[PDB]
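Taking it in order: structure first as structure tokens, then the write-up.
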Amino acid sequence: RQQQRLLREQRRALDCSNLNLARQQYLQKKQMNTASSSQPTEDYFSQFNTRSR
Amino acid sequence: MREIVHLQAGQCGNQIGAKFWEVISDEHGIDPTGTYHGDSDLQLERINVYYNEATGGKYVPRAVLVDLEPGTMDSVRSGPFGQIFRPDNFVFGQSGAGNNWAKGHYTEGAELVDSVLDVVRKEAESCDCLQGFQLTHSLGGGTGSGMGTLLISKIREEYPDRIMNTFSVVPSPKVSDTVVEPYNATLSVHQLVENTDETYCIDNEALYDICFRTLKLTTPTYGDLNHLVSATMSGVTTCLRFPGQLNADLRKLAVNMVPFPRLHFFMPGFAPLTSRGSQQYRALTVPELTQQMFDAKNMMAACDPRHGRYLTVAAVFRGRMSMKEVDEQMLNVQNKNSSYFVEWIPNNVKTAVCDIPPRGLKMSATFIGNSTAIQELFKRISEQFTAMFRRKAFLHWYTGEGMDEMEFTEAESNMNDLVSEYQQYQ
């Protein structure tokens, strides 16, 4: 009976561990999603004004 | 250790070469006097591909500057970046070529080709493993097309196994500014076909067509066409200088592109071109580069690839991206339409990915397509060469330099075979 209680406790501890792992992975992908898609600054616009030929 | 020696000739050559070196220097953090003022460290890691070394942290480019008059060498030295070029690298005559092919090729250029060949042999013997050369010239001129095909014939007999790349500006007949332009262009394509490993065909009409339509510039100028050419001249060499997840140098892009040795005329295109007004309406992703990379209103040649069949296709990406979204869009464009893609090649598209994006953008791309629809550029030159030549229109300017009429005859039949070498795959 005590070994069955120990098995239940070990499963609960592992479940809390990957719960906290799930939270930090959610924050990791939430700052992953904002860093791919691109926007052009004024440095992309300023070169097409220069040059008069 | 994979150096590239840059050569350019003519007013068209030295006005693209002046703007190209403005783009590389910004991308490696070089000031207008030659001192490194960057912020990261990967800019300084492989600077020797394009730049030499001097005293006190001064990087002078490996570029050679050729003209037949001193009138366009002074607008190079009086620009913003004119003080970074080594003064010995300017090689210039005293009387011009006069929009004549033969003076560039026999009379005035033959006494000058042995002075440039001293300069390029000084710099090719200072590289540990020279990757190849480049040219940037004009076929509608006298020293770009006459002497520029005399260096190519003389370089390829001395360094024959390297890469000989060109960015030729072929003439356009809708916006044409020289009467004797069909004579220069016909006599040069006969010389490009056997002596270049690659050749990118650029038309000035198809560069005006982008600034009016895509970039919405109300005043396009030659200083703004030279930035479209220079942006795709550095997009093909971006994996020799920066690390990536799938590299591609110049030789790898020629293995997967030319199936037969005489079929090497490409058509460039640059992906994220955006106006000032329509800037905020676009979320630039991998799907929104491959819709503009492949569009027929984007090609830098005045020929439509909806009339032909893509033999092979390149794609060179920049920016930190995902290799699955890049790879599913190249498969997607092949499978929707199988009339425009040839059948004896089962996968036509070659992909490469770099990591360091250009200045001011966070993602970019480059298209290098090998189309059968480039034959409508040589046929349209050759209907105006033989409209003139049956009457012998302007021929006394050329035969009086020491030519023959057979040189016009042999360089007309040999270019009409390149039409009928492409004509058997469409």
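For all residues, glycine too, the Cβ spot is worked out from N, Cα and C.
The feature GTP binding site is assigned by Swiss-Prot to B:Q11, B:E69, B:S138, B:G142, B:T143, B:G144, B:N204, B:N226. The Mg(2+) binding site annotation in Swiss-Prot covers B:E69. The phosphothreonine annotation in Swiss-Prot covers B:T55. Summarising the annotation, Swiss-Prot assigns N6-acetyllysine to B:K58 and lists a large-scale study or a structure entry as the type of evidence. The annotation phosphoserine is assigned in Swiss-Prot to B:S172 on the grounds of similarity to another entry. The motif 'MREI motif' annotation in Swiss-Prot covers B:1-4 and is backed by similarity to another entry.
Look at B:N226 (GTP binding site): DSSP puts it in a helix. Among the listed recorded positions, namely B:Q11, B:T55, B:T143, B:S172, the Cβ with the most fellow Cβ atoms inside 10 Å is that of B:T143. Nearest neighbour of B:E69 (GTP binding site) by Cα distance, taken over the modified residues B:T55, B:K58, B:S172: B:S172. Residues listed for GTP, B:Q11, B:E69, B:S138, B:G142, B:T143, B:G144, B:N204, B:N226, cover a largest CA to CA span of 23 Å. Around the Cβ of B:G144 (GTP binding site), 30 further Cβ atoms fall within 10 Å across all displayed protein chains. For the motif 'MREI motif' (B:1-4), residue counts in helix, strand and coil come to 0 helix, 1 strand, 3 coil, using DSSP. Long-range Cβ proximity for the residue listed as 'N6-acetyllysine', meaning a same-chain Cβ under 8 A and a gap of 6 or more residues, is found for B:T33, B:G34, B:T35. Looking only at the binding-site residues B:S138, B:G142, B:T143, the one with its C-alpha closest to the residue listed as 'phosphoserine' is B:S138. Annotation for the binding-site residues B:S138, B:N226: lowest Cβ count within 10 Å of the residue's own Cβ, B:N226.
A separation of roughly 40 Å, to the nearest angstrom, links the Cα atoms of B:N204 (GTP binding site) and the residue listed as 'phosphothreonine'.
Within 10 Å of the C-beta of B:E69 (GTP binding site) we count 18 further C-beta atoms, all protein chains included. Looking at B:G142 (GTP binding site) and B:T55 (phosphothreonine), their Cα atoms lie 38 Å from each other. DSSP classifies B:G142 (GTP binding site) as coil under the three-state reduction.
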